[PDB]
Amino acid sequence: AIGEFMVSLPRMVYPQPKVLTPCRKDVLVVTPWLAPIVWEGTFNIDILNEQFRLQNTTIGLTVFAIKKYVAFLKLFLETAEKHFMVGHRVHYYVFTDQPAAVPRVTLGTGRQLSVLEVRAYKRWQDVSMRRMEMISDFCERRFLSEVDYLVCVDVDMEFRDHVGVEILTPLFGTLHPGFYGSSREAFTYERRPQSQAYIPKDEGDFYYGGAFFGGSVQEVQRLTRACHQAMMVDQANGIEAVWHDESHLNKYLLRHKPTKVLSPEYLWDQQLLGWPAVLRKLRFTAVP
């Protein structure tokens, strides 16, 4: 459930926070609208685990494994079992055009998997963009009844380290690994004013990655519905945004600020970008 009020914790023994001696001095750990930016060294997972377990929190994790991408499912799910929300209730939702191709993966207690059979679009761009419609539709059909939070990711990925309840909040985006140190002028936003995804050169907080966002079911439903509607307007105007669903996600999160932002620890490509000292952990990485 998502409790209405603050939860009451038991006695716990842990290191005292140090007001005058911050651990992370190398990165921004809070946005200008006071949302935390989640990096290793900013959170005590023991405190957060207690808070979320006291509410019997259930987390849904969506992936789209359409056409040849079914091949990524085995590694995605096996690594998720090792690293994603361990100790909490988890419900995997695999959207696929090939239910028979979903691999057998043994799950820990309190974790389950649903296979959602959906149509495959011809263009990869359309497969990627129609995720928004499909997520929104299923919020109404299944997710509002089944889970408290939804985490929506790309399937061509693997978990390498802890990804846990520190990410949970009403609405989050993730810093795209290619742009976390870039000026907003270098952000690859949609720059064409005719598109619903338009963002001018003098606007933008961050470039968020389309491959990892989430929130409460209600906020995810609203985000995905808004992005799908904006994509349909663009379609009617004969326009396709430069980076598809990611461009629309960026426009949405510019105008509706996320309540947490995840650092690139949560979305990385190690072959392309190596392992900068600013990244103490690589948690969720692209599969070649």
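Just count from 1 along the sequence shown to find any residue number.
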63-71 versus 232-240 - which carries the larger mean C-alpha B factor in the record: 232-240
Stretch exceeding the other in mean C-alpha B-factor - 144-152, 126-134: 126-134
C-alpha B-factor winner, where the candidates are 92, 198, 76, 213: 198
Top Cα B factor in the deposited entry, candidates 170, 87, 108, 181: 181
Assigned third (lowest, middle, highest) for the C-alpha B factor of residue 26: highest
Third of the chain, ranked by Cα B-factor, where residue 194 sits: highest
Chain-relative CA temperature factor third for residue 207: middle
CA B-factor placement of residue 83, once the chain's modelled residues are sorted into thirds: lowest
Record-listed C-alpha B factor of residue 120: chain third: highest
